[PDB]
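Engineer: Below you'll find the structure I mean.
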Amino acid sequence: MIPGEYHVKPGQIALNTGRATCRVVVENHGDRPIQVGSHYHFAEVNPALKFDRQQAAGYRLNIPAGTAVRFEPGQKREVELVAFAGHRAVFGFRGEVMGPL
Amino acid sequence: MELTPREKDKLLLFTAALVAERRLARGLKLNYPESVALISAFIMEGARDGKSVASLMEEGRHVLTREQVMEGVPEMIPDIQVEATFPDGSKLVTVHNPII
Amino acid sequence: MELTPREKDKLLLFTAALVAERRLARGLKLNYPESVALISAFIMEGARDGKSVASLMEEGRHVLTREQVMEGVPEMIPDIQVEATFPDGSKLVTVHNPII
Amino acid sequence: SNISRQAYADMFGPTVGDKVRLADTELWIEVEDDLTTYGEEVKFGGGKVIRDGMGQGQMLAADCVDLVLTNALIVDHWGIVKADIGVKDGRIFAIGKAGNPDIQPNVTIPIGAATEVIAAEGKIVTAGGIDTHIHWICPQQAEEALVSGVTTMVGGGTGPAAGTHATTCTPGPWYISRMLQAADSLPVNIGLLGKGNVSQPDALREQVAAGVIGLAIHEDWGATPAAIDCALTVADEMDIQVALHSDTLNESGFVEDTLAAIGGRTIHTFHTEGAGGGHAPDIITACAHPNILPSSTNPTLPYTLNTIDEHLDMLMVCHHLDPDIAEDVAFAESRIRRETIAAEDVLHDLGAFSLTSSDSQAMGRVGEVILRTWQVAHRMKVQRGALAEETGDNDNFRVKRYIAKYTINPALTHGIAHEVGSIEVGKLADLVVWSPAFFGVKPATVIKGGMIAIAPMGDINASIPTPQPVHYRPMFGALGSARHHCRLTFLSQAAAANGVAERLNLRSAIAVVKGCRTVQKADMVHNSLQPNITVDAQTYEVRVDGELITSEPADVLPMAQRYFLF
Amino acid sequence: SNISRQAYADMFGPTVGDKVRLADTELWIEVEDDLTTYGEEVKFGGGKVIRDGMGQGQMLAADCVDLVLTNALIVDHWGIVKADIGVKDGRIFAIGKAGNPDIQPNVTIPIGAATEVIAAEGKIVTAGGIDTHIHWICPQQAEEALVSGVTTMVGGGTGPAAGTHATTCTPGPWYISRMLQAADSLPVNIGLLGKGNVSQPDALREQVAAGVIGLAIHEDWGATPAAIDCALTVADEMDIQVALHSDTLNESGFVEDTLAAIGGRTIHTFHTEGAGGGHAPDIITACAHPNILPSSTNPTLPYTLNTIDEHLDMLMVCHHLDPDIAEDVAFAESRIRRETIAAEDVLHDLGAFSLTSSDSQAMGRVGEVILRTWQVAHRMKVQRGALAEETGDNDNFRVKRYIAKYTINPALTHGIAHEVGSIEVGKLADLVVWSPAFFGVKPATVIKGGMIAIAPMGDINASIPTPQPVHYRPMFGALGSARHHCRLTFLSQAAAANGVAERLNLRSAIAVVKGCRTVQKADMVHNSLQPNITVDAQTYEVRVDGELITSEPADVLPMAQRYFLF
Amino acid sequence: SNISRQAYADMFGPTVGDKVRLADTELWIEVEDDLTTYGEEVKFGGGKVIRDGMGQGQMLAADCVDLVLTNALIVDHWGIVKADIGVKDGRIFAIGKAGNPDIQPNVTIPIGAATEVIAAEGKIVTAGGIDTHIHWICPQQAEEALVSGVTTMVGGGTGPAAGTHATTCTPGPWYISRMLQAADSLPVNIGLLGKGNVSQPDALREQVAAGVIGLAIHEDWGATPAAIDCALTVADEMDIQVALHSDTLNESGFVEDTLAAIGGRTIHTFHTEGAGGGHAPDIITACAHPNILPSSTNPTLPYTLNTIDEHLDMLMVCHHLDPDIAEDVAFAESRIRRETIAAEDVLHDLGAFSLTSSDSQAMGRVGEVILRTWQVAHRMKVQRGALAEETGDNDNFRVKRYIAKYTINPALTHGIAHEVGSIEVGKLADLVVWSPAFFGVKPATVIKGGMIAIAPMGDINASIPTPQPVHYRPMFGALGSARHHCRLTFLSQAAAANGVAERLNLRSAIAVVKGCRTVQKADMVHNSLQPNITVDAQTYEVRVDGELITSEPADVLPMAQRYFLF
């Protein structure tokens with residue numbers, strides 16, 4: 001007996017189903033580490049990360065909400081992106097779009 | 001003495017610990033509040049003695065064992081934190097999974 | 001610990017009892033507040049041990065005798081009541097004429 | 001991508017199909033529905049979702065909520081579901097999916113710059129409790145109750161005076177006015193009850209006009225047929241509630257005479273089992289009537305090994321009886337029957353008894369209303385098993401039935417359900433956050449009118465709010481003017497019209513009661529059973545449809561020695 | 001029918017002829033009169049008298065009292081009688097026989113639906129104490145005094161500052177205004193004293209116009225003939241009182257020079273014995289004059305074995321003296337004389353000294369004014385026996401003489417006797433309920449303006465209000481707006497006229513002082529003796545009519561170690 | 001006549017040339033000047049100087065001060081001098097020679113009947129501290145800070161909610177209004193900060209118009225270039241301050257990108273060293289810029305043996321990170337660098353870092369801002385010796401440099417220096433009295449707006465205020481209306497114009513902020529160094545002009561175990 005214990009039924013949850021995704025190779029050309037969040041507009045990340053910014057337009061990391069992907073200096077890795085939903089209007093970040101798309 | 005609010009608050013923790021201490025002595029299996037108070041007071045005295053934060057983070061896990069507390073208690077306490085005046089000022093001591 | 005107001009209030013009773021306990025040990029004849037605190041604390045520990053309300057209503061009358069308290073004290077205490085968490089929840093213990 | 005259910009539960013709390021144990025009891029709830037879109041859950045923290053342009057939008061204050069409780073597991077009479085809770089203007093805005101409509105799908109609760117966040121993942125959220133049997137013996141009771149999870153207190157009193165010790169009555173205009181003023185200083189919603197024991201209507205009308213939301217009839221002031229009829233007549237014309245504590249002595253008649261005097265009019269019966277007061281030994285039979293709204297006081301909930309032993313001395317002190325007067329002790333003894341005490345627990349499980357209350361410091365414990373309600377549910381599951389209404393392998397229905405007893409039902413009975421009582425849109429944001437291991441025992445957060453009023457708090461000088469010692473301390477919602485803005489003082493329609501609030505210069509928000517006369521047993525949520533119950537005059541045995549109703553006394557109970565220092 | 005006297009006393013309290021011991025002292029009071037009609041006493045509880053149609057009537061709120069104290073044993077300067085006390089609109093309505101005129105005879109205090117009940121059978125009821133020597137060093141003093149049974153506090157100060165440590169002065173308009181505002185937060189009636197040490201009238205008039213009800217002259221600010229004359233001139237024109245602490249150093253003259261400066265004008269002398277301050281070593285001779293209203297501070301009451309030893313260090317800290325400065329220690333020593341200390345107790349017993357006060361945290365104990373007054377009475381009965389005025393075998397007269405010292409006399413001296421000071425109709429309902437075993441030590445109930453403000457209270461979560469731990473806690477009468485309505489802030493006639501209350505936005509009820517100039521020694525109730533007293537300049541011996549006045553130091557005292565935990 | 005210097009110091013405190021040790025540290029201050037006329041010092045007490053016609057005059061209230069602090073040793077950024085302090089109308093009237101112009105020479109501070117006295121001989125008097133990094137997690141923080149010597153608190157929060165746990169933001173109009181109302185109940189001057197993380201200006205303008213005096217940007221809500229630029233644009237047009245907690249993750253760019261976004265506009269950087277948050281690992285380089293006003297949070301001050309060990313778990317709880325999530329623990333570890341921690345102490349000693357703050361209950365200790373600032377000064381003197389600016393054999397300059405860090409500089413940074421921040425005429429009388437042995441640890445008296453608000457107080461029932469137990473208790477300055485009159489609620493110019501105070505019915509005095517945009521590093525008193533600082537991306541080494549900056553961890557510290565019970 002454990003007070004307030006859970007009895008989680010076994011299995012898995014499929015995240016962000018029914019949405020456009022794409023894979024991109026990314027490389028950190030900076031001398032300091034860079035960590036990117038799940039809902040951050042990938043196309044507007046730290047300029048030191050080199051990748052096809054044009055492909056990442058209107059996309060974010062296809063990872064569970066609240067987690068992140070870290071890039072140590074010189075690190076290169078392929079990540080999977082998922083497209084923004086809702087109104088598909090981007091405001092903030094580096095101020096590159098500030099509107100729909 | 002010029003006791004500040006924080007010193008008077010710690011007197012509450014000390015007294016709570018006196019209760020648990022006596023019950024443990026009788027041979028009772030401590031409950032949730034008793035366990036937290038007993039381990040917390042231990043750490044405070046550790047700091048008064050001048051032990052390091054690192055030493056206490058370890059020693060704090062050997063105050064009470066799983067057989068000295070009620071069922072479910074060890075899981076209700078994933079960690080215990082308390083601050084005390086060490087020789088080098090106030091420091092925070094975090095003991096993870098104190099009861100095993 | 002997440003101490004509620006009632007738990008913190010009981011800590012006052014416990015501490016008051018610590019005072020009386022020490023004085024009784026020195027061989028002093030306890031006064032009114034000391035006697036009430038000493039017997040009350042006794043009952044609370046009884047409940048923690050798991051004794052029944054009925055048992056304590058009896059045992060509570062054999063904590064202090066007429067020769068261990070000041071004159072007039074036994075008559076100032078026609079009864080003593082205190083509540084504590086028994087294994088089956090909070091219960092009220094009423095000890096009539098505790099000092100004889 | 002994909003994530004395992006266990007890892008998911010550890011991050012955002014349980015989802016559909018997962019079960020959770022309530023504290024250390026045998027009750028298990030199962031998540032019935034989840035309003036989130038998997039992958040789009042909002043989470044706060046360094047590098048999380050709720051950040052500018054991401055889970056937080058660009059909308060103005062008017063277009064977003066003031067407070068959002070993320071990933072909460074709601075436990076209410078209507079359902080046990082996972083969802084975000086939006087709070088705006090001190091009231092429940094919506095129950096749905098929070099976020100930023102600019103980049104997230106299905107957002108019903110918009111988060112913007114004006115939104116504060118409370119992380120409820122892994123926590124159970126409920127409505128604030130409502131105790132309708134308060135004796136205002138001391139102001140300290142409000143804090144004790146608030147800490148336990150009760151946010152609304154209805155009752156009467158003027159302080160530690162003989163009348164208040166025994167009854168829930170605030171006698172007359174002067175004391176009513178004084179208490180309405182004193183209420184502004186207390187962190188709970190309050191509604192007062194006046195002394196309804198009089199056979200002259202005008203004496204009652206004055207009180208209602210002064211501010212009371214009900215009239216409490218207690219045998220200590222004489223619960224006679226004439227008094228009862230008088231109070232009910234005034235109640236019928238002023239839309240206020242009547243709470244009854246009948247004639248134990250059978251001095252003016254038996255229970256059937258009282259029921260006759262009531263004449264099918266709506267009335268709330270206090271401690272219907274009888275130990276706390278009422279026609280000996282069959283007041284319990286009142287729960288069979290449609291116009292009767294029955295409740296229990298907590299010292300008899302649930303039937304345990306020490307219950308009886310404790311009751312005799314408790315009875316005496318409360319009602320100012322004399323142990324040296326034979327008649328006083330005989331009348332006390334006629335009130336404590338093992339038979340009715342045991343039956344009460346079962347009648348609650350069946351829904352025959354619809355409310356639970358304390359009866360604060362007068363044969364009741366102000367901070368144990370919620371705690372004891374759950375102990376009864378535990379003991380009933382253990383002894384009787386699943387309810388006929390249960391579906392699936394969980395105790396969901398039994399949980400909804402019991403939670404309604406100290407939330408929506410008390411609110412309906414006293415005509416304040418339009419303001420509080422449950423987690424529904426438009427109602428005051430009186431919410432309680434619980435960690436599953438401490439459910440019903442010690443809350444993590446108690447919210448009043450949209451502001452946290454009390455919570456466990458560690459070392460004030462610590463580097464974080466978690467270091468010991470951790471004990472309950474008053475928060476901003478309990479401070480001066482912020483308090484006034486986050487609490488409600490309930491008035492009768494007459495008092496409100498008379499300008500009582502302005503005359504007394506009441507600083508808190510005002511709410512008016514209504515619908516006290518129209519409520520009936522059939523309206524009590526999940527507790528509308530009108531059983532064919534009988535009590536044997538000699539043996540005191542309780543029977544429903546001829547079958548004997550009884551239960552066994554508990555030796556050990558959950559939500560007890562594992563959580564309390566004393 | 002018939003009932004034995006013992007059984008009667010156990011049920012309704014003592015009646016005519018019965019005697020009662022005051023706490024654990026040797027003082028015994030005897031009931032002089034009983035206003036009840038045997039068989040018609042009102043009692044509250046389950047199945048008792050105060051019930052609809054029985055001991056409770058059908059009258060409207062306007063025709064019955066708000067509160068009734070049943071079967072009380074009143075101990076006041078005018079009598080020691082058994083009776084019910086009626087309270088209406090926060091004031092004493094009547095002292096008589098309560099009940100329902102419909103079925104009971106001789107009812108003078110009608111009980112109705114609007115009536116709250118306080119059971120006082122077996123309890124002694126007195127008026128609230130009044131301390132006229134408060135140093136507002138800390139706000140915590142009000143609670144300490146309220147708990148002891150003192151409901152009105154007169155004095156001055158701004159907090160723990162040097163000036164307030166030594167004197168009872170609230171210096172100037174700004175601080176006076178600030179303290180008048182802060183007073184609304186305290187549960188006791190308050191009247192402020194300004195700094196009267198100035199030789200320019202206008203500087204004093206401003207203060208009176210700002211709100212003070214008196215001017216305190218203390219030697220620390222220079223108690224010179226010019227200052228004294230100045231203050232008395234302003235007092236004479238503004239109807240406020242002057243309180244004096246004379247020149248101990250004899251720097252400007254001797255006691256006769258001060259008396260000359262006073263010029264036969266009304267004045268209240270603080271700690272007239274001298275230990276607390278005054279012309280060394282004969283300030284005590286002031287009590288022989290008709291215009292002098294003499295009072296004592298409590299650390300010297302009564303003369304005990306440890307009194308002297310304790311005084312030297314106490315003196316130094318209070319007046320900011322330096323133990324390393326010869327002149328500072330010599331002046332301290334000239335103030336502590338065993339001779340005058342012993343005589344003071346006798347002069348009180350004789351009625352030469354008319355008031356008792358504390359001198360809070362400046363050579364006085366704020367919570368021991370009442371306690372010490374009774375200890376002196378005990379020690380005097382023990383040493384001197386019955387007073388010449390006693391009749392019967394009781395200490396009734398000595399009790400009336402001593403109770404007047406901290407009740408009616410302080411009220412008369414400061415011109416507030418029209419509002420408080422005794423249990424008389426029309427006066428504010430400031431009452432204290434005492435159990436005979438704890439009389440003068442620990443009250444059962446402290447009522448302010450008709451509402452209980454503080455009382456012993458047990459476990460808040462208990463089933464009754466009696467379980468341990470029991471300690472004093474604030475009640476509704478001490479809460480926010482209810483407090484404001486139940487307390488009084490006394491203003492000078494000038495301040496009231498100037499609209500000070502409205503300008504400062506004072507929330508409490510306002511009362512104005514009057515009759516400060518017309519009171520004289522002859523007006524002090526039971527304490528008007530003007531003895532031909534002399535003090536030997538060398539031996540410090542006190543003599544009245546040539547006979548030596550003295551007493552012996554107590555080794556053990558009542559109302560001490562039997563009641564206190566520390 | 002003549003008196004020896006030692007005897008003189010014992011009577012009136014130290015004079016020119018005398019040195020005094022600060023608590024138990026190695027810091028020594030030397031009296032630079034004395035404004036008295038030897039022989040004419042004013043002293044209060046029985047038979048002292050401050051008496052009618054002597055050291056006290058005949059002037060009316062308007063011509064004399066309300067409060068005088070006699071023989072005080074002032075320690076402020078402008079000087080360490082001996083003098084009397086005059087206080088009138090709640091503000092600092094003059095710093096000079098108090099007395100009676102009628103008989104004394106050079107009197108600049110007239111004492112009259114309306115003057116209260118506080119004896120400060122042998123005591124050090126300073127201005128009240130100002131903490132600009134408060135997380136309003138609980139109301140109890142105000143008392144803790146007040147006791148420590150901090151009289152003004154700037155920050156944000158709504159109580160113990162996730163958002164407030166991590167950030168200093170009071171989100172939106174509703175919560176801002178609620179907190180402004182709750183502030184009237186707290187004994188410290190208060191100014192709120194809103195959530196500045198938004199890319200829509202109007203969402204920020206609403207908040208400023210609602211009442212906030214600044215906008216706090218925290219990485220938890222997304223510290224992106226767009227958000228930063230947005231907040232600074234609104235700040236520039238509304239004259240409010242921006243406080244930054246940069247992007248540790250380097251998610252949107254590195255420190256140079258953030259600095260670029262700031263675009264040379266005025267901004268206050270929180271915990272510039274980085275442990276509390278900021279671009280890893282070089283946020284510390286911001287202190288080289290003219291538009292940057294850098295401050296430190298206290299858990300890293302000063303570098304000791306246990307600092308590092310303590311930080312990891314502290315970080316996690318504050319920012320709601322998950323120790324089981326690799327990315328969460330890596331980002332926590334990247335924040336704790338021994339290299340930057342050690343350099344911070346030196347940068348403070350050099351004046352590169354201009355402010356010290358707490359970061360209350362979110363990686364900071366609310367009652368240790370002052371205490372830790374002095375510990376750093378001690379450790380720096382011990383390790384580096386005298387500052388290049390020192391003159392004479394004392395630490396006077398180092399003391400002025402460090403005291404400015406928690407007094408005048410915080411006031412200048414947030415545009416409230418016209419009201420508080422130092423002991424200068426016209427400023428609010430927020431003063432702290434310290435005994436030299438307890439300097440920076442436990443105050444003797446804490447004055448707010450001219451009234452003592454909190455002080456150590458002994459037994460309430462004692463004959464003097466000195467007997468044990470002595471602990472801090474609220475005084476009259478902290479009571480109801482007197483409190484409102486002695487505290488300030490700072491509003492933005494927009495809020496003040498909009499009538500926010502009247503609409504919310506705020507009872508306290510209102511003050512408006514101004515000059516937030518014009519302040520720059522060069523304006524920071526004694527702390528304007530803009531060093532050519534660099535941080536090695538790999539080794540984290542801090543270098544100024546190529547030279548390595550570092551210090552050694554303390555094993556034992558002053559103002560620690562000798563003063564605290566726990």
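Naming works like this for the structure tokens: A, B, ... for the chains as they're shown, residue 1 at the start of each chain, ligands 1 onward in shown order.
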Would you kindly return, as a PDB file with C-alpha atoms, in the first residue's frame, each protein, DNA or RNA residue with an atom no farther than 12 Å from any atom of residue 14 (chain B), considering only C-alpha atoms and excluding same-chain residues fewer than 2 positions away?
Structural biologist:
```pdb
ATOM      1  CA  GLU B   7      14.982  31.495  14.510  1.00  0.00           C
ATOM      2  CA  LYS B   8      11.603  31.251  16.234  1.00  0.00           C
ATOM      3  CA  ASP B   9      10.257  29.185  13.321  1.00  0.00           C
ATOM      4  CA  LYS B  10      13.151  26.723  13.667  1.00  0.00           C
ATOM      5  CA  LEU B  11      12.212  26.336  17.349  1.00  0.00           C
ATOM      6  CA  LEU B  12       8.961  24.811  16.056  1.00  0.00           C
ATOM      7  CA  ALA B  16       8.364  18.725  16.664  1.00  0.00           C
ATOM      8  CA  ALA B  17      11.523  16.614  16.578  1.00  0.00           C
ATOM      9  CA  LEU B  18      11.503  16.209  20.382  1.00  0.00           C
ATOM     10  CA  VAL B  19       8.111  14.540  20.012  1.00  0.00           C
ATOM     11  CA  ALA B  20       9.317  12.069  17.353  1.00  0.00           C
ATOM     12  CA  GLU B  21      12.531  11.372  19.255  1.00  0.00           C
ATOM     13  CA  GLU B  34       7.512  12.606  12.901  1.00  0.00           C
ATOM     14  CA  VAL B  36      10.473  14.645   8.584  1.00  0.00           C
ATOM     15  CA  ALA B  37      10.954  16.457  11.907  1.00  0.00           C
ATOM     16  CA  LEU B  38      13.468  13.908  13.226  1.00  0.00           C
ATOM     17  CA  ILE B  39      15.718  13.943  10.152  1.00  0.00           C
ATOM     18  CA  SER B  40      15.438  17.732   9.732  1.00  0.00           C
ATOM     19  CA  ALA B  41      16.524  18.395  13.338  1.00  0.00           C
ATOM     20  CA  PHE B  42      19.469  16.024  12.862  1.00  0.00           C
ATOM     21  CA  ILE B  43      20.771  18.060   9.930  1.00  0.00           C
ATOM     22  CA  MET B  44      20.420  21.340  11.838  1.00  0.00           C
ATOM     23  CA  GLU B  45      22.602  20.011  14.659  1.00  0.00           C
ATOM     24  CA  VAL B  82      16.388  22.220   5.629  1.00  0.00           C
TER      25      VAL B  82
ATOM     26  CA  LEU C  11       3.061  21.387  20.393  1.00  0.00           C
ATOM     27  CA  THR C  15       6.206  21.844  25.706  1.00  0.00           C
TER      28      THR C  15
ATOM     29  CA  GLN D 468      11.500  22.741   6.731  1.00  0.00           C
ATOM     30  CA  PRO D 469       9.611  23.609   8.809  1.00  0.00           C
TER      31      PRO D 469
ATOM     32  CA  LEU F 565      20.233  30.121  17.446  1.00  0.00           C
ATOM     33  CA  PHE F 566      19.804  27.906  14.364  1.00  0.00           C
TER      34      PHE F 566
END
```
Engineer: Compute the chain D side of the contact with chain B at 8 Å, counting only C-alpha atoms, and hand it back as a ChimeraX atom specification.
Structural biologist: /D:437,459-463,466-469,561-565
Engineer: At a cut-off of 9 Å, using only C-alpha atoms, what residues contact residue 78 (chain B)? Leave out same-chain residues fewer than 5 positions from it and give the result as an MDAnalysis selection string.
Structural biologist: chainID B and resid 95:99
Engineer: Could you tell me which residues of chain E sit within 8 Å of chain D when counting only C-alpha atoms, and give me the result as a ChimeraX atom specification?
Structural biologist: /E:44-48,50-53,57-61,66,89,113-119,451-452,455,457,460-465,474-476,479-482
Engineer: Near chain A, meaning an atom within 8 Å, which residues of chain D appear when counting only C-alpha atoms? Write them as an mmCIF file with C-alpha atoms, in the first residue's frame.
Structural biologist:
```cif
data_model
loop_
_atom_site.group_PDB
_atom_site.id
_atom_site.type_symbol
_atom_site.label_atom_id
_atom_site.label_comp_id
_atom_site.auth_asym_id
_atom_site.auth_seq_id
_atom_site.Cartn_x
_atom_site.Cartn_y
_atom_site.Cartn_z
ATOM 1 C CA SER D 1 6.791 11.254 -31.499
ATOM 2 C CA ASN D 2 5.853 8.533 -28.963
ATOM 3 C CA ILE D 3 6.142 8.318 -25.182
ATOM 4 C CA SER D 4 5.369 5.515 -22.732
ATOM 5 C CA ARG D 5 2.328 5.891 -20.484
ATOM 6 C CA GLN D 6 4.427 5.776 -17.313
ATOM 7 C CA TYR D 8 3.779 10.456 -19.568
ATOM 8 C CA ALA D 9 2.101 10.218 -16.149
ATOM 9 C CA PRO D 14 -2.392 10.487 -15.184
ATOM 10 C CA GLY D 17 -7.556 4.679 -18.039
ATOM 11 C CA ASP D 18 -4.997 5.327 -15.325
ATOM 12 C CA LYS D 19 -6.142 4.811 -11.736
ATOM 13 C CA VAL D 20 -5.083 6.717 -8.618
ATOM 14 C CA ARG D 21 -5.365 5.732 -4.944
ATOM 15 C CA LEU D 22 -7.008 8.347 -2.698
ATOM 16 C CA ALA D 23 -4.525 8.978 0.142
ATOM 17 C CA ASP D 24 -4.041 5.745 2.078
ATOM 18 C CA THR D 25 -7.600 4.450 1.673
ATOM 19 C CA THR D 37 -4.396 17.112 -27.419
ATOM 20 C CA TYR D 38 -1.444 14.759 -26.887
ATOM 21 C CA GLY D 39 1.799 16.608 -27.543
ATOM 22 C CA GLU D 40 0.263 20.045 -26.925
ATOM 23 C CA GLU D 41 0.090 20.034 -23.117
ATOM 24 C CA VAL D 42 1.169 23.334 -21.581
ATOM 25 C CA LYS D 43 3.910 23.187 -18.968
ATOM 26 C CA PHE D 44 5.683 25.987 -17.105
ATOM 27 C CA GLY D 47 12.697 26.163 -21.105
ATOM 28 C CA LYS D 48 9.154 24.793 -21.042
ATOM 29 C CA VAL D 49 6.018 25.520 -23.113
ATOM 30 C CA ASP D 52 6.183 34.228 -25.331
ATOM 31 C CA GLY D 53 4.990 33.261 -28.822
ATOM 32 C CA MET D 54 4.893 29.620 -27.795
ATOM 33 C CA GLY D 55 2.347 28.499 -25.190
ATOM 34 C CA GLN D 58 -0.133 38.213 -27.653
ATOM 35 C CA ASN D 100 -1.827 29.931 -27.513
ATOM 36 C CA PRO D 101 -4.316 29.783 -30.434
ATOM 37 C CA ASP D 102 -1.582 31.222 -32.658
ATOM 38 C CA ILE D 103 0.380 27.959 -32.760
ATOM 39 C CA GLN D 104 -1.609 25.364 -30.804
ATOM 40 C CA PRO D 105 -4.787 23.486 -31.750
ATOM 41 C CA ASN D 106 -8.053 23.330 -29.794
ATOM 42 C CA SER D 435 -1.418 15.796 -3.827
ATOM 43 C CA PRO D 436 -2.886 12.241 -4.202
ATOM 44 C CA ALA D 437 -0.995 11.008 -1.097
ATOM 45 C CA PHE D 438 -2.629 13.668 1.067
ATOM 46 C CA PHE D 439 -6.075 13.840 -0.536
#
```
Engineer: Would you please work out which residue, of A:48, A:97, A:69, A:56, is nearest to residue 24 (chain A) when using only C-alpha atoms?
Structural biologist: A:56
Engineer: Among region 119-324 of chain F, which residues carry a DSSP assignment of strand (DSSP E), reported as a ChimeraX atom specification?
Structural biologist: /F:119,124-127,129-135,150-156,189-195,214-218,241-245,267-269,292-297
Engineer: Kindly give the distance, in Å, that separates CA of residue 131 (chain D) and CA of residue 441 (chain D), rounded to a single decimal.
Structural biologist: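 Taking CA of residue 131 (chain D) as the start and CA of residue 441 (chain D) as the end point, the length is 16.1 Å.
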